[PDB]
Amino acid sequence: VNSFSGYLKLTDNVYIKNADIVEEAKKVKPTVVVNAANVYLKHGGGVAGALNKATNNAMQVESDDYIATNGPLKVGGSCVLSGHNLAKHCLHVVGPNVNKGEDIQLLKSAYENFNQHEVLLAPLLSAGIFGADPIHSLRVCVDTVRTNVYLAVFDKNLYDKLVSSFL
Ligand SMILES: Cc1c[nH]c2ncnc(NCC3(O)CCCC3)c12
Ligand SMILES: [Cl-]
């Protein structure tokens, strides 16, 4: 039993809800919130820009130190950093950004990072400003993640189409 509430169940292990991931994380304070990161951990917009804003830029400060030490992530890769006031940990996951010409096949590799965590709050990887089809992203999520994932979809109109088209 967990404190995730109001989710529609899609599979044994995948759940979904129309919700602002920022407001969800503050309410639940999950063990892991997933960020839709880029390789530079520059949290300028999208889910990443919103989460960082909610941390009063502490996420960005921590991220800049991480990059200065370790260099950029790989597309499809991840790192675990602090969750600040939103969660215990933030799993920064880099899905391919179609608006940069990045290979969409790397989306499966990106979702594989979720399997290292028993329970996560997460957005659809490569959706929104990363330019991929959110329906496809949901399919890859369901077919790749085996741990318990609570997907937050910000757009109510997008949320309804995702549910209404799920096979
Ligand atoms: C930008 C943002 C703020 N809070 C959020 N919570 C969950 N998802 C998000 N953006 C990913 C989308 O696919 C959902 C609708 C268009 C992009 C956000
Ligand atoms: Cl977005």
# chains A, B, ... in the order shown; residues from 1 in each chain; ligands from 1
$ residues_near_ligand --ligand "ligand 2" --cutoff "10 Å" --atoms "only C-alpha atoms and all ligand atoms" --output "list in words"
residues 36, 45, 46, 47, 48, 49, 50, 123, 124, 125, 126, 127, 128, 129, 130, 131, 153, 154 and 155 of chain A
$ residues_around --residues "residue 159 of chain A" --least-positions-apart "2" --cutoff "10 Å" --atoms "only C-alpha atoms" --output "list in words"
residues 16, 17, 18, 19, 134, 135, 152, 153, 154, 155, 156, 157, 161, 162, 163 and 164 of chain A
$ write_last_selection --atoms "N, CA, C and O atoms" --output "short mmCIF file (atom, residue, chain, number, x, y, z; two decimals), in the first residue's frame"
data_model
loop_
_atom_site.label_atom_id
_atom_site.label_comp_id
_atom_site.auth_asym_id
_atom_site.auth_seq_id
_atom_site.Cartn_x
_atom_site.Cartn_y
_atom_site.Cartn_z
N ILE A 16 -1.77 5.72 -13.86
CA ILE A 16 -1.78 7.01 -14.55
C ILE A 16 -2.84 7.93 -13.95
O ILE A 16 -3.89 7.48 -13.48
N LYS A 17 -2.56 9.24 -13.99
CA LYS A 17 -3.43 10.25 -13.38
C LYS A 17 -3.21 11.59 -14.08
O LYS A 17 -2.07 11.93 -14.41
N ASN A 18 -4.29 12.34 -14.31
CA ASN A 18 -4.18 13.71 -14.79
C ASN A 18 -3.75 14.58 -13.61
O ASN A 18 -4.53 14.80 -12.68
N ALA A 19 -2.50 15.03 -13.62
CA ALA A 19 -2.00 15.77 -12.47
C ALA A 19 -0.73 16.51 -12.84
O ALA A 19 0.04 16.07 -13.70
N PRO A 134 3.18 11.05 -27.18
CA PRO A 134 2.97 10.52 -25.82
C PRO A 134 2.28 9.16 -25.78
O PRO A 134 2.46 8.42 -24.81
N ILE A 135 1.47 8.83 -26.79
CA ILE A 135 0.86 7.51 -26.84
C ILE A 135 1.94 6.44 -26.98
O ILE A 135 1.91 5.40 -26.31
N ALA A 152 2.18 10.81 -14.21
CA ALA A 152 1.44 12.06 -14.10
C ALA A 152 1.43 12.73 -15.46
O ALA A 152 2.49 13.02 -16.02
N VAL A 153 0.23 12.96 -15.98
CA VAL A 153 0.01 13.61 -17.27
C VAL A 153 -0.59 14.99 -16.99
O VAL A 153 -1.69 15.09 -16.44
N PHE A 154 0.13 16.04 -17.38
CA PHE A 154 -0.29 17.40 -17.02
C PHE A 154 -1.53 17.83 -17.80
O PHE A 154 -2.44 18.45 -17.24
N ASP A 155 -1.56 17.53 -19.09
CA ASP A 155 -2.63 18.00 -19.96
C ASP A 155 -3.85 17.09 -19.80
O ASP A 155 -3.78 15.90 -20.13
N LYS A 156 -4.95 17.65 -19.29
CA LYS A 156 -6.17 16.84 -19.15
C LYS A 156 -6.63 16.32 -20.50
O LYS A 156 -7.04 15.16 -20.61
N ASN A 157 -6.58 17.15 -21.54
CA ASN A 157 -6.92 16.67 -22.87
C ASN A 157 -5.99 15.54 -23.29
O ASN A 157 -6.44 14.54 -23.86
N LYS A 161 -7.01 11.28 -23.92
CA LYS A 161 -6.68 10.52 -25.13
C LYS A 161 -5.79 9.34 -24.80
O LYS A 161 -5.91 8.27 -25.40
N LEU A 162 -4.86 9.51 -23.85
CA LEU A 162 -3.99 8.41 -23.45
C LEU A 162 -4.81 7.25 -22.90
O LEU A 162 -4.59 6.09 -23.26
N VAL A 163 -5.75 7.55 -22.00
CA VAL A 163 -6.61 6.50 -21.45
C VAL A 163 -7.49 5.90 -22.54
O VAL A 163 -7.59 4.67 -22.68
N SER A 164 -8.15 6.75 -23.33
CA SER A 164 -9.13 6.25 -24.28
C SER A 164 -8.51 5.43 -25.40
O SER A 164 -9.24 4.70 -26.09
#
$ closest_residue --among "A:14, A:34, A:79, A:61" --to "ligand 1" --atoms "only C-alpha atoms and all ligand atoms"
A:34
$ residues_around --residues "residue 56 of chain A" --least-positions-apart "6" --cutoff "12 Å" --atoms "only C-alpha atoms" --output "MDAnalysis selection string"
chainID A and resid 43 49:50 62 84:86
$ residues_around --residues "residue 114 of chain A" --least-positions-apart "3" --cutoff "7 Å" --atoms "only C-alpha atoms" --output "list in words"
residues 111, 117 and 145 of chain A
$ write_last_selection --atoms "C-alpha atoms" --output "PDB file, in the first residue's frame"
ATOM      1  CA  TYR A 111      12.655   3.730 -19.295  1.00  0.00           C
ATOM      2  CA  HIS A 117      13.611   1.715  -8.213  1.00  0.00           C
ATOM      3  CA  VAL A 145       9.069  -0.796 -16.748  1.00  0.00           C
TER       4      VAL A 145
END
$ atom_distance --atom1 "atom CA of residue 107 of chain A" --atom2 "atom CA of residue 95 of chain A"
5.5 Å
$ atom_distance --atom1 "atom CA of residue 12 of chain A" --atom2 "atom CA of residue 81 of chain A"
28.0 Å
$ closest_residue --among "A:68, A:10, A:93, A:158" --to "ligand 1" --atoms "only C-alpha atoms and all ligand atoms"
A:158
